[PDB]
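Working notes for the structure below.
There are 4 protein chains.
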Amino acid sequence: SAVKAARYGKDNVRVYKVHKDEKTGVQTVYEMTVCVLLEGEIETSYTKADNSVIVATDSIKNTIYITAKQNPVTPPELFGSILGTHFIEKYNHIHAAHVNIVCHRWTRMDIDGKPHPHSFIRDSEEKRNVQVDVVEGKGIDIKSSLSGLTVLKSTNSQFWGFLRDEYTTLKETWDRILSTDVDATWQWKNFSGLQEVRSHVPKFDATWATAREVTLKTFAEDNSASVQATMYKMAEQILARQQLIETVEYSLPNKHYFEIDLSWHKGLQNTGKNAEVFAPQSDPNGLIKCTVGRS
Amino acid sequence: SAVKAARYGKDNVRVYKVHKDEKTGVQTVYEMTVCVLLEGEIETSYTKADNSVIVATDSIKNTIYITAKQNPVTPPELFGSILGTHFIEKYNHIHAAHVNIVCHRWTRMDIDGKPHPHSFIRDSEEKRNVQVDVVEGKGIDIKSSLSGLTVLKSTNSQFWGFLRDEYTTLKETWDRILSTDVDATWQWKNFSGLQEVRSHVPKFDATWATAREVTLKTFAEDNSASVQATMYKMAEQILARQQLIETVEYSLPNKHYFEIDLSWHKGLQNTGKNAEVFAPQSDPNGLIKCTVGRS
Amino acid sequence: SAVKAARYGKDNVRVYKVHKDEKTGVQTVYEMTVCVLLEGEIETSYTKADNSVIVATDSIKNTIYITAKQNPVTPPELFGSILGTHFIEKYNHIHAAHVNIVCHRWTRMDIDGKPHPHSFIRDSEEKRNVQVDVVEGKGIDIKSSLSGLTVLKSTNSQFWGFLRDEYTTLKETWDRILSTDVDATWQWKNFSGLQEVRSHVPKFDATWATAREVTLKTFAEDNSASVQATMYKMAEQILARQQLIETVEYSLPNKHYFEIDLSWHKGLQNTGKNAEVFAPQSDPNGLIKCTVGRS
Amino acid sequence: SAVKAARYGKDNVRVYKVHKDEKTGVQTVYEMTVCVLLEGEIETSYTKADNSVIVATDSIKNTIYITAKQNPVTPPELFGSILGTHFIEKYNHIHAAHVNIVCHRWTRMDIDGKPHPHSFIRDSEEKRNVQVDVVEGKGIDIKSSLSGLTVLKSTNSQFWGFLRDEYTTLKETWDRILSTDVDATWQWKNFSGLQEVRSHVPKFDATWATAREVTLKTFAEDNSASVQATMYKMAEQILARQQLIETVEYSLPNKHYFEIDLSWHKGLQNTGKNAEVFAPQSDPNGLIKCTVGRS
Ligand SMILES: O=c1[nH]c(=O)c2nn[nH]c2[nH]1
Ligand SMILES: O=c1[nH]c(=O)c2nn[nH]c2[nH]1
Ligand SMILES: O=c1[nH]c(=O)c2nn[nH]c2[nH]1
Ligand SMILES: O=c1[nH]c(=O)c2nn[nH]c2[nH]1
Ligand SMILES: O=c1[nH]c(=O)c2nn[nH]c2[nH]1
Ligand SMILES: O=c1[nH]c(=O)c2nn[nH]c2[nH]1
Ligand SMILES: O=c1[nH]c(=O)c2nn[nH]c2[nH]1
Ligand SMILES: O=c1[nH]c(=O)c2nn[nH]c2[nH]1
Ligand SMILES: O=c1[nH]c(=O)c2nn[nH]c2[nH]1
Ligand SMILES: O=c1[nH]c(=O)c2nn[nH]c2[nH]1
Ligand SMILES: O=c1[nH]c(=O)c2nn[nH]c2[nH]1
Ligand SMILES: O=c1[nH]c(=O)c2nn[nH]c2[nH]1
Ligand SMILES: [Cl-]
Ligand SMILES: [Cl-]
Ligand SMILES: [Cl-]
Ligand SMILES: [Cl-]
Ligand code: NA
Ligand code: NA
Ligand code: NA
Ligand code: NA
Ligand SMILES: [Zn+2]
Ligand SMILES: [Zn+2]
Ligand SMILES: [Zn+2]
Ligand SMILES: [Zn+2]
Ligand SMILES: [Zn+2]
Ligand SMILES: [Zn+2]
Ligand SMILES: [Zn+2]
Ligand SMILES: [Zn+2]
Numbered sequence: 001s002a003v004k005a006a007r008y009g010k011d012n013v014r015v016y017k018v019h020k021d022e023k024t025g026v027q028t029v030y031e032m033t034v035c036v037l038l039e040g041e042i043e044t045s046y047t048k049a050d051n052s053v054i055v056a057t058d059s060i061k062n063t064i065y066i067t068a069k070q071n072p073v074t075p076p077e078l079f080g081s082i083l084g085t086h087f088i089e090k091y092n093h094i095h096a097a098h099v100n101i102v103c104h105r106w107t108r109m110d111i112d113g114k115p116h117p118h119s120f121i122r123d124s125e126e127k128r129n130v131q132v133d134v135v136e137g138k139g140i141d142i143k144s145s146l147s148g149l150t151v152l153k154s155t156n157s158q159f160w161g162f163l164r165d166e167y168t169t170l171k172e173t174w175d176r177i178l179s180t181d182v183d184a185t186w187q188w189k190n191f192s193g194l195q196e197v198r199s200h201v202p203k204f205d206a207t208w209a210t211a212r213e214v215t216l217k218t219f220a221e222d223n224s225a226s227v228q229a230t231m232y233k234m235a236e237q238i239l240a241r242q243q244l245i246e247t248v249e250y251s252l253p254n255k256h257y258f259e260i261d262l263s264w265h266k267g268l269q270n271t272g273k274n275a276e277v278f279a280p281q282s283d284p285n286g287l288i289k290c291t292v293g294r295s
Numbered sequence: 001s002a003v004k005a006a007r008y009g010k011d012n013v014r015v016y017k018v019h020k021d022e023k024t025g026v027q028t029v030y031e032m033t034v035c036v037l038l039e040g041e042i043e044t045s046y047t048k049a050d051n052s053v054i055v056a057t058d059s060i061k062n063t064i065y066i067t068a069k070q071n072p073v074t075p076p077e078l079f080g081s082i083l084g085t086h087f088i089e090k091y092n093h094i095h096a097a098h099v100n101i102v103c104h105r106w107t108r109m110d111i112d113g114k115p116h117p118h119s120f121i122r123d124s125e126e127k128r129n130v131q132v133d134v135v136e137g138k139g140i141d142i143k144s145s146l147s148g149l150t151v152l153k154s155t156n157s158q159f160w161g162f163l164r165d166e167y168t169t170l171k172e173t174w175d176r177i178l179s180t181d182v183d184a185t186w187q188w189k190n191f192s193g194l195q196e197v198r199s200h201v202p203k204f205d206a207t208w209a210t211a212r213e214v215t216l217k218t219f220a221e222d223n224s225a226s227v228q229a230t231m232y233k234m235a236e237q238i239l240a241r242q243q244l245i246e247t248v249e250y251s252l253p254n255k256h257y258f259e260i261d262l263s264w265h266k267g268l269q270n271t272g273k274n275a276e277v278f279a280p281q282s283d284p285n286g287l288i289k290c291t292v293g294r295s
Numbered sequence: 001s002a003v004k005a006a007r008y009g010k011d012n013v014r015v016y017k018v019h020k021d022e023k024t025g026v027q028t029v030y031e032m033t034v035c036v037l038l039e040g041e042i043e044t045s046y047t048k049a050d051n052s053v054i055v056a057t058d059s060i061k062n063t064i065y066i067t068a069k070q071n072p073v074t075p076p077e078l079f080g081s082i083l084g085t086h087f088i089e090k091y092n093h094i095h096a097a098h099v100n101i102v103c104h105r106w107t108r109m110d111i112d113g114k115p116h117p118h119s120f121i122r123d124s125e126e127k128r129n130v131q132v133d134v135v136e137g138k139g140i141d142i143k144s145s146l147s148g149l150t151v152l153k154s155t156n157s158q159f160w161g162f163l164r165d166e167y168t169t170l171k172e173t174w175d176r177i178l179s180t181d182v183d184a185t186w187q188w189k190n191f192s193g194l195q196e197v198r199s200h201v202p203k204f205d206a207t208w209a210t211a212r213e214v215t216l217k218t219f220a221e222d223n224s225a226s227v228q229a230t231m232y233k234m235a236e237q238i239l240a241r242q243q244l245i246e247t248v249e250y251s252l253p254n255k256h257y258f259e260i261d262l263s264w265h266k267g268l269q270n271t272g273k274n275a276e277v278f279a280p281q282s283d284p285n286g287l288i289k290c291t292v293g294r295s
Numbered sequence: 001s002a003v004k005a006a007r008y009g010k011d012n013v014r015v016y017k018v019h020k021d022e023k024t025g026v027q028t029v030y031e032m033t034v035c036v037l038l039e040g041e042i043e044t045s046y047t048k049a050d051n052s053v054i055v056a057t058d059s060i061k062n063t064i065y066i067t068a069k070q071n072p073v074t075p076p077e078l079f080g081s082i083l084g085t086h087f088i089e090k091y092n093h094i095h096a097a098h099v100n101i102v103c104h105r106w107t108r109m110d111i112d113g114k115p116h117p118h119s120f121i122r123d124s125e126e127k128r129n130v131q132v133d134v135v136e137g138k139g140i141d142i143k144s145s146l147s148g149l150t151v152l153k154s155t156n157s158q159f160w161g162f163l164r165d166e167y168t169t170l171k172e173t174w175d176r177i178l179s180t181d182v183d184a185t186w187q188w189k190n191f192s193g194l195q196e197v198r199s200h201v202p203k204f205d206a207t208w209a210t211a212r213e214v215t216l217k218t219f220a221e222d223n224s225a226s227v228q229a230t231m232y233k234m235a236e237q238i239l240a241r242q243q244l245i246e247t248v249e250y251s252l253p254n255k256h257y258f259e260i261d262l263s264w265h266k267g268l269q270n271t272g273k274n275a276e277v278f279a280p281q282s283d284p285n286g287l288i289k290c291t292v293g294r295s
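Protein chains in written order, with PDB author numbering: chain A, 1 to 295; chain B, 1 to 295; chain C, 1 to 295; chain D, 1 to 295.
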């Protein structure tokens, strides 16, 4: 036997950071969950009980805190790049660092129509994430995403013209509910190192905002032929609006809402044009995926 | 042996309803999860295999749908009252109906600064709930609540002057983080029946709004001496602003954020006035509860 | 306004304890999650920012650890009684202590047919719990339970003879699946204090075992007329086998498994006597409850 | 823009199947959750609203049921292979089918020391899984796994000799707790098609049993130098015992149990050799991964 692949590190590291403006009194908070996995010349820890090659996962945890103390934690693309670069530079025998960051929402509260200086609300379980892979000699590969963006439209979704054979019972429809949890990822051009990541810093927040805006507007406005057709429109628009992205990927569940035939009860009409009350289905769900790149 | 208490019904019934304005084209959606448990002269179903006294839970489910089709589902206090009243009136031997409703958020999307007619977003896992107990001959008892309202303030929370003995290690503080998930319940005066509930319908949405507004403003503005002291202020204000409530109850976790001493690493200062990076603690958590009524 | 009720403490306190037999080398582990809430003359912490009456929740946490170090953690009825008694005795102004313990399974592994001295497996998310309320001047009230015991029988469950009216669509059946998650609670006679609890210590493990055995055997062997009828049989047997219990309570979901009509596909027969493949339903679920006491 | 990758299908399809032996009366149950995603000449569904290429996800769901009715559902490697082969054979334009199956435990109950003919218990959330990728012209690729196997040993785990620098605070130890949730995957040699999968059917259950047995015995018996060293031993043994496997992969969290220093309280000794009571840590956790293949 031999080690074909190995990585190890610390997962589920919760991190909060506050910034306090001394002049204005305004405070701003950031909260994340971080995972860091390292690769390199570490196989002997597995094969020979050689712990000398192990940067302890506890030490990786310490390093996350220390790095958060001494550097910006936003945008997460930057923080992840700094953190991953640290491991490959500090340790000769560590040659890759994989850094995943889930960013949690702490949106500043408005009280009586004014933004409060130090109070925040979790508006939504929606996350902003990054996966940053820093590979020695091969730069920094960043995948940015939004996830857990849960939406529903009550009309202007259709699904007809699909294949019909002896396995098919689904009725064609020209007016259905469409609900999903959006998971959208944009893959950046490889960056050569930290300097290049830093040179593009404003683009990270701007591109997250573009992706979110395009997703919401396209979902709301597209008289959808299918989940497939709608998600493709989202992806093509995002690519058109950020040249430093190479691909956009969507993974969308179709969270079904079924009509309920009540006509057995006093002829009550609740289907088709008369459908008012529906049964949200927890499972199963359609799952529709696409990765779109440039022609 | 004998039956001392019994109730049965259908739980976790997901319900969506849409309203479509024909004139304007504006659609509005509602989504809930419902549980209904019935009580009455049903003991023989337990003791003698007498199913004749059982209104099948499947039929209870059907009835939830039918009732949602033929009645308003908002405010939930009203829907729950209608539904519970149905069971005790329809079935001579059923003498109480317990109806719990969890309302899920589907907030209308704004696209390009305009409210969209049929697209919605789940902004937050915060719920609005009701527990409605309809008891034959004893009216309708309603407990309204908000839950899952997750907030954080980064300063203007204190905790000092607590009991100190040989079990105490906690340091006094004049500046800490405070974060919680608000669960707040207001208990209405008993209503004599459906007519009286209907007569107060506007008060239900208004009182939920008051409770939420008071909670957020008090949390944001109170230079808090403790969770106890802050929650009491919330409750007293809500009672002062709705005379038809008898009590307000809060249940608040203290979701701790611990300082991280980094001074072992190059003398890095991250405690006290220099605290920037914190460790959010998943567990354990303080749990602070109060029920406040009128003097 | 005035405080009508108040309690506070520390929740979700994870605790592990190991016992090591020096002679044999056999180690035994225990893992729990504890919550402790205190009541007493504490209202001024809410109304006047008087923290002097607060035994800090952090100190309550310390006390849980210390008490676990110096006392048995098994049976949980005993540990909870010791812990709750400590708070009301140590603090003059604390008059009630509510202690909930969830016990997690760490079952000793068998390796090559022999019990291993220090390796354990979580066989099942089933829990054994206690709720212990120690009230100064009013003894110790203990509710013991098992929960999360998930079972299924593939036949010998029936449901017919239920009420049929215009809300009813459910077909009678003489052969269905029955699956549930058992939550069963036995309420002990009030104990006067710790001495009396200690005097009955062996009965706690014995009665948990009886409750579990009766539950499983009755579920397996009863040709069930309904969930109601089966659960009542369980409760009556447990009461008959422990005179120091006053009531037994069950709360059972009916976790439905629906037939799937496939006859639209090449006349495939999968209903009634030919039913082989079923659709487990995540929601909704029946919920059936009973509390049984002595005649 | 252009589609670079696309797949779609139905996820979270719950399936139960019962087998009834007419002669003996013994019934046996199987429960799974299935996902199926298809690939092929489907890009126009995304780019041109061409639904004619879509086998509806609803139809995929029907097909899962139908296939379960007409074929064995065990071992899951076989069922997944049959199901995936169906899609690529039935639909000319579908060229790959990805089938994931999570198998849920329904272990036959023993009542009074005898196996019951039709009653079952969920002993453990441990799963047995398969990922089966059927690719037209390229055979069938199967990854088998066990997951959610949660274990703890109370001694005979060590961790010393790791790298120590200015980021390191972790103390070396020669006696700690080790607890993990085992996720282990064995990757089979490519199979040319269904005939070859069928020819190896007995090996699937046998190899799952070997993997589980090796995992448990090695965990229990290895005086572990690290998670890395222990998991490697597991993998090498499994490879040695099934020549039709190419690799074994483990992903193991190190679910930390921290000592609690109580010496501030009356000099209580609870560290090192005196450690009895520990604080299980929910997060963060080490995460250790390896893929082992043949030299
Ligand atoms: O790459 C990762 N992505 C994730 O979403 C994640 N979550 N935990 N760890 C993770 N690593
Ligand atoms: O948008 C949809 N895409 C699909 O592929 C599908 N299949 N069933 N329903 C569907 N809806
Ligand atoms: O839920 C899922 N998400 C995915 O991205 C995926 N890929 N394969 N199977 C999958 N299931
Ligand atoms: O009274 C209830 N409250 C709840 O929060 C709930 N959830 N399920 N059922 C319920 N019943
Ligand atoms: O607000 C608080 N209340 C308490 O009762 C407490 N105990 N520890 N910390 C605390 N913070
Ligand atoms: O989490 C909890 N919430 C409560 O309301 C409560 N009451 N007792 N114990 C409790 N634990
Ligand atoms: O009394 C309680 N029962 C419980 O099940 C529980 N869980 N957390 N706290 C709790 N308190
Ligand atoms: O056992 C059952 N009890 C009920 O009350 C019921 N209602 N529908 N199905 C049922 N099954
Ligand atoms: O899920 C539930 N369990 C219960 O015990 C209960 N009581 N009321 N509603 C309830 N819902
Ligand atoms: O390939 C998959 N693996 C999984 O574990 C899974 N879960 N859902 N879908 C899935 N697909
Ligand atoms: O087994 C372990 N492996 C590691 O890599 C590690 N790091 N800290 N603790 C550890 N324990
Ligand atoms: O929890 C995780 N599991 C994994 O397999 C993994 N890979 N990268 N990050 C990861 N995080
Ligand atoms: Cl779909
Ligand atoms: Cl607290
Ligand atoms: Cl039921
Ligand atoms: Cl680790
Ligand atoms: Na390096
Ligand atoms: Na009645
Ligand atoms: Na006292
Ligand atoms: Na094909
Ligand atoms: Zn991770
Ligand atoms: Zn990761
Ligand atoms: Zn309920
Ligand atoms: Zn309820
Ligand atoms: Zn609790
Ligand atoms: Zn409790
Ligand atoms: Zn899937
Ligand atoms: Zn999958």
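For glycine and all other residues, C-beta sits at the position ideal for the given N, C-alpha and C.
Counting along the chain, where does the alpha helix (DSSP H) carrying A:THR210 start and finish?
201 to 221
Closer than 9 Å at the beta carbon, the chain B residues around C:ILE66
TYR167
C:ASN274, buried or exposed, once every other Cβ within 10 Å from all chains shown has been counted against 16:
exposed
Cβ neighbour criterion (16 or more within 10 Å) applied to D:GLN158:
buried
By the 10 Å Cβ neighbour count, where 16 or more other Cβ atoms means buried, how is B:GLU39 classified, buried or exposed?
buried
Do the segment 186 to 199 of chain D and the segment 131 to 149 of chain D make contact, defined as three or more Cβ pairs closer than 8 Å?
yes
Can you tell me whether B:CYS35 sits near ligand 23, meaning its C-beta is under 7 Å from at least one heavy atom of the ligand?
yes
Answer yes or no: do D:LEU252 and A:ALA56 have a C-beta to C-beta separation smaller than 8 Å?
no
Hey, is C:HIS93's beta-carbon within less than 8 Å of any beta-carbon in chain A?
no
Those runs of the alpha helix (DSSP H) which lie wholly inside the segment 256 to 285 of chain B and span at least 4 residues
none
Helix, strand or coil at D:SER45 according to DSSP, with G and I counted as helix:
helix
With C-beta atoms as the reference, is D:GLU31 less than 8 Å away from C:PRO76?
no
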